[PDB]
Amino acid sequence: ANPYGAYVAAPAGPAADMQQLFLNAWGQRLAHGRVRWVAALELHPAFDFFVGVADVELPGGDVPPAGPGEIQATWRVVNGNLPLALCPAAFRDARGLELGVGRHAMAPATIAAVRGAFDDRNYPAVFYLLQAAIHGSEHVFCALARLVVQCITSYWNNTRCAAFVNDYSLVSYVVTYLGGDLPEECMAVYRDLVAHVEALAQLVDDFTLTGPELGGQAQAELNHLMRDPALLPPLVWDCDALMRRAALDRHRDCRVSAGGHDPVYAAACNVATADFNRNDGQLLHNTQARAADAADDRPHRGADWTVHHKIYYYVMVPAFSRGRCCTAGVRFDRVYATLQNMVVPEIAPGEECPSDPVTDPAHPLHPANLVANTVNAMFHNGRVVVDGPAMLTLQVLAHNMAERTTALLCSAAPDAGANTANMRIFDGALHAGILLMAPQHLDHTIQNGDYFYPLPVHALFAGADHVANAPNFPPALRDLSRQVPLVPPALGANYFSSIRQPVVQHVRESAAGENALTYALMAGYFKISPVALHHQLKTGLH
């Protein structure tokens, strides 16, 4: 048999290496046997029965100790996990559809805008490096605020498309703060986006009952996955979701492995502090508004924040990307470098700052100044228009920066499952990572592994194109990958994800408008425990 979806490895140091260490040990295991989930033992709905692994303590291990393949079973958590056989896609779609009527609904515009962003193969690379530099930091988003307003307007005017939709934190800000700074029709989009994620959040409370607090965890946490503090979103800039998580009753038994080390926090990082090559499992927790509010212990953002993120990444993203997209770790040195390597000609004494880059030869984006391998070059390729001062704000990065993108493997035993009565749930996630939206041109900087390296934390985000066209991709597996999510066993396995293939499969083939497909998923994300059903039933979910 093929244990791919069955096995779960433990963090193998160098995040930017992980994914490779993988395709070099499972190259055979994969091309050989066949994979089930990616498409006999359907003994029960509330569970998943598969050809286990035998004697191995799942949490660790580099490769499956080939041998007596026993048969294990895992608890499908959300109802969304019931195979598409037992639960037709066409149905779940219809479910969300009727579920939609009477609730929020992203306007035609906002959809075409955001989708477009995601489907744009020429999406200005600069934006990623910028996003990388603006690592979830609100403080920094505020600095480069001028710069940003430019990119967004720039891009928007070129093609009505939301500038940074691939990152909630930014999208969050762009709503919080560049009020009358972006064109009307355009700010609209960014708002609408959050306005939706706001409704999807309300949906949970709409089908949860207002009562006691079971197991030190509010009802909604037992009745729904997104609202469940046990699952941290795929991508985490700070350490909020990670703090609150470790702050759960023993009867969960949470285990988080940071790149392979007990995760130690960090309140900040300079240019003196920053160690791009650090392998010790220390996570930056610096994303505050004021540098004064500096913390190492307490969390910064708040309870809801992290939620909306999960809502965005697990619903909104799939909703728009339909799977064509993938999470990746960043090479901050490579970035920070070419980033703070610009060319701003001296402002002509007596003259005013260059406004137009097609004429004034003193404009950093005038062809005359476009030096190869310089951030000036990039802005040009992206058909982006940013003036000199804006470009200079990048001086901030030296003050507030993020060093390494860490691979996170967390886990725990089920909640309202004690009457269920071993196998624990596994979930991956990236600390300093970003979501590569559309797949940029094969031999270019984004794909060339220049600044960013592909590293899927979950089946939901693992576009073949990103991983297949990667730097050292075994040409043998090219075929396989063209139809099988390659999430590193170090980051989790299908039969253990709080959300398995059915869901993925759903998105991939679903054929509903985003609004519909949105609510659809948000629904599928409800729990399955008796209590869940209790609530879901009372409120009238089904």
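Note that residue numbering follows the sequence shown and begins at 1.
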item	value
Residues of the deposited sequence left unbuilt between residue 40 and residue 39	10 or more
Deposited residues lacking coordinates between residue 421 and residue 422 (none, 1 to 3, 4 to 9, 10 or more)	1 to 3
Higher-scoring stretch by recorded Cα B factor average, 346-354 or 365-373	346-354
55-63 set against 479-487, stretch whose average Cα temperature factor tops the other in the entry	55-63
Peak C-alpha temperature factor (PDB record), options 149, 437, 384, 292	292
C-alpha B-factor winner, where the candidates are 500, 29, 44, 506	29
Entry-reported Cα temperature factor of residue 310, expressed as the chain third it lands in	lowest
Modelled-residue ranking by C-alpha temperature factor, third containing residue 249	highest
Chain third (lowest, middle, highest) by recorded CA B-factor, residue given as residue 537	middle
Cα B factor band for residue 279 (lowest, middle or highest third within the chain)	highest
Residue 467, C-alpha B-factor rank within chain (lowest, middle or highest third)	lowest
